[PDB]
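Worksheet for the structure shown next.
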Amino acid sequence: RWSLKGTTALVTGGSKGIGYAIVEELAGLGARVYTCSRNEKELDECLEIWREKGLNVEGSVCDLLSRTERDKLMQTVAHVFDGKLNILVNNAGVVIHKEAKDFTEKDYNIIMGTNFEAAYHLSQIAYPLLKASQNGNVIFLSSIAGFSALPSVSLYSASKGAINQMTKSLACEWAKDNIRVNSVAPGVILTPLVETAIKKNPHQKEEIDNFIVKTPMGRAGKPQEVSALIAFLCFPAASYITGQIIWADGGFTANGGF
Amino acid sequence: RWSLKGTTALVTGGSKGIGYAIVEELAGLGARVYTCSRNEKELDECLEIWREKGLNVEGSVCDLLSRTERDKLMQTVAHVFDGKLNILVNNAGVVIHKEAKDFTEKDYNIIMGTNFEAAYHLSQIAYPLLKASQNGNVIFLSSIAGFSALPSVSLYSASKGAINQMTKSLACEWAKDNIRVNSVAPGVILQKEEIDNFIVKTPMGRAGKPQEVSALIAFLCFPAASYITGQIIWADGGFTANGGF
Ligand SMILES: NC(=O)c1ccc[n+]([C@@H]2O[C@H](COP(=O)([O-])OP(=O)(O)OC[C@H]3O[C@@H](n4cnc5c(N)ncnc54)[C@H](OP(=O)(O)O)[C@@H]3O)[C@@H](O)[C@H]2O)c1
Ligand SMILES: NC(=O)c1ccc[n+]([C@@H]2O[C@H](COP(=O)([O-])OP(=O)(O)OC[C@H]3O[C@@H](n4cnc5c(N)ncnc54)[C@H](OP(=O)(O)O)[C@@H]3O)[C@@H](O)[C@H]2O)c1
């Protein structure tokens, strides 16, 4: 009821950030985990670090922006888990910081492609694998940016809106198939995604600091504070929860004028 | 204050349905309207009908899925309006009815391309014409399917969720340039089985008419609607308000 012992999981983008915390969380609870990123060297250091802790994790290098690579990854995962998937976490995603009128066609292709299209497409080709397990969970990762507008990430927000709506549809269409579908939508979590952005441009430093002051709790979240909810939603204890988007944001989205 | 006299408007997909009604409504209240569709003879009979009833309306054929044709359309709109656009109504849209697991890449490209990308790209390049008018308005068409899940239209819902979010971002960024951006999200407006079900779900017990949507789009463009930005308003006969009736 509160264990993932003997479950199979695919977590996309698990070499850093929230994704690293998620594979360590599910694998600690007893899941067989498979993950992926775009740097084999980085992916390798992870597999060794995880192998040293007694965590049962596998992985391969995959750019999720390519349809044929998504097709291949799922073949691998089907062979390794023997045609059975319990959990799919569509964690991987990217952000680009510009004004709404400056985003290009290529930015559009990068953001919607990895943040929405890849995530949705994996959910499609995973369906039969999750169905065959009879206890399937699809978790998408949204954002506070999928609630109200934030500066410099308009096109990112749009992609998180597609995710939020896609969550509801899959939840209703697949519930009869014993698959539950939810999104976890973080506040500011201090990861590479934010550190790279604020290193690049001190205007992004500004914006982030002001997201944290807006956060009633007055601090950025920790990756594990997000993976904890992601783990819970996969517990059989969570068997009536589907179609939900839940913010883990320190009260950010509850805050109107504080 | 309740006048659109001497405004300039671009509404996409004005050759039928809600887009037709919006052209007539906006033009009937004094706006100069530019519109487009995908075939000459359909677009041309509208242009003939609207001119006979004294409406000030122009139009050209465009495929909103081509980025080159979107650029060329905005350059043409820029020419005829003299660099000044008050109103942009992103009306054009499509639906494909499949199960979530069945939608192909072509489906994705048509539905996301038409509903979100074209609506977004047009907004990017209209921006200086709207900024120049010093009284801008961009309006997206959303859907009840961008509120909660409906059968057969998962990928379409997603494209409306993206629109909902973009109308908040654009509203917040462009508010200083006096451009206001809102979405109108209709319910069923005039798969039978499915549509029949949605209608008994809407408290008013009937499907809407096109001019029940355009009425709201016209008001949102009035100077009277000056403090209203970043909203999504469902014109749905109560559909979204109803949990269990
Ligand atoms: N950090 C925050 O404050 C925050 C807030 C709200 C929501 N989120 C969401 O949380 C998720 C992860 O964010 P994060 O902060 O953990 O990001 P991150 O630190 O930048 O890590 C992203 C992970 O995804 C992988 N990835 C990205 N694109 C990939 C691709 N095309 N193919 C394969 N792998 C790919 C990256 O690997 P490579 O670098 O090797 O490619 C990396 O392993 C995203 O959906 C993000 O939108 C984050
Ligand atoms: N009808 C409803 O019940 C309903 C409900 C909720 C939301 N909506 C939204 O309302 C908007 C209009 O819906 P509608 O029912 O009036 O649609 P419709 O009857 O299908 O008309 C769409 C219009 O857009 C044009 N169009 C479509 N694709 C185009 C393209 N690629 N390039 C150029 N023009 C294009 C079509 O022209 P051509 O045929 O000549 O190409 C047509 O004039 C859409 O955004 C839809 O999402 C409608």
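Letters go in sequence order (proteins before strands), and every chain restarts at 1. In listed order, ligands and their atoms are each counted from 1.
Counting atoms of ligand 2 from 1 in the listed order, those under 4.0 Å from a heavy atom of B/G17 are 16 (O). Those atoms of ligand 2 with a heavy atom of B/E42 less than 4.0 angstrom away are 40 (O). Close approach of ligand 2 to B/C62 (heavy-atom distance below 4.0 Å) involves ligand atoms 32 (N), 33 (C).
Within the 4.0 Å cut-off (strictly below), a protein heavy atom is located near atom 37 (O) of ligand 2.
In terms of N/O distances under 3.5 Å, ligand 2 is not approached by B/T12. Considering backbone and side-chain N/O of B/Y156, one or more are found under 3.5 Å from N/O of ligand 2. Ligand 2 has a nitrogen or oxygen under 3.5 angstrom from a nitrogen or oxygen of B/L64.
For A/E207 and A/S152, the side-chain atoms include at least one donor-acceptor pair closer than 3.5 Å.
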Between B/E69 and B/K72, is the salt bridge (charged side-chain N to carboxylate O under 4.0 Å, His left out) condition met? List the steps. CA-CA 5 Å; B/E69 294 195 25; B/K72 189 77 212 301; over 6 Å; no
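B/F239 and B/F198 have perpendicular rings, their planes meeting at more than 60° on a 0 to 90° scale where under 30° would count as parallel.
You'll find the side chain of A/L73 reaches within 4.5 Å of the side chain of A/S60, heavy atoms only. Side-chain atoms of B/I217 and B/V89, non-hydrogen and from C-beta on, do get closer than 4.5 Å to each other.
Contact check on B/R206 versus B/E212 returns a salt bridge, with a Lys/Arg side-chain nitrogen under 4.0 Å from an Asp/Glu carboxylate oxygen. Between A/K205 and A/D209, at least one side-chain nitrogen of the basic residue sits less than 4.0 Å from a carboxylate oxygen of the acidic one, meeting the salt-bridge criterion.
Across B/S143, B/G113, B/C46, B/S15, heavy-atom proximity to atom 6 (C) of ligand 2 is greatest for B/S143. Counting heavy atoms only, A/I189 comes closest to atom 2 (C) of ligand 1 of the residues A/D63, A/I189, A/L193. When the options B/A207, B/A92, B/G93, B/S142 are ranked by their closest heavy atom to atom 7 (C) of ligand 2, first place goes to B/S142. Of the candidates B/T114, B/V11, B/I18, it is B/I18 that places a heavy atom closest to atom 14 (P) of ligand 2.
From the protein, the heavy atom lying nearest to atom 34 (N) of ligand 2 is B/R38 CD, 3.6 Å.
In terms of the side chain to side chain contact (heavy atoms under 4.5 Å, CB included) criterion, residue partners of A/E40 (sequence neighbours excluded) are, by chain and number, A/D44, A/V61.
Of all the heavy atoms of A/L43, none lies under 4.0 Å from any atom of ligand 1, so neither backbone nor side chain is involved.
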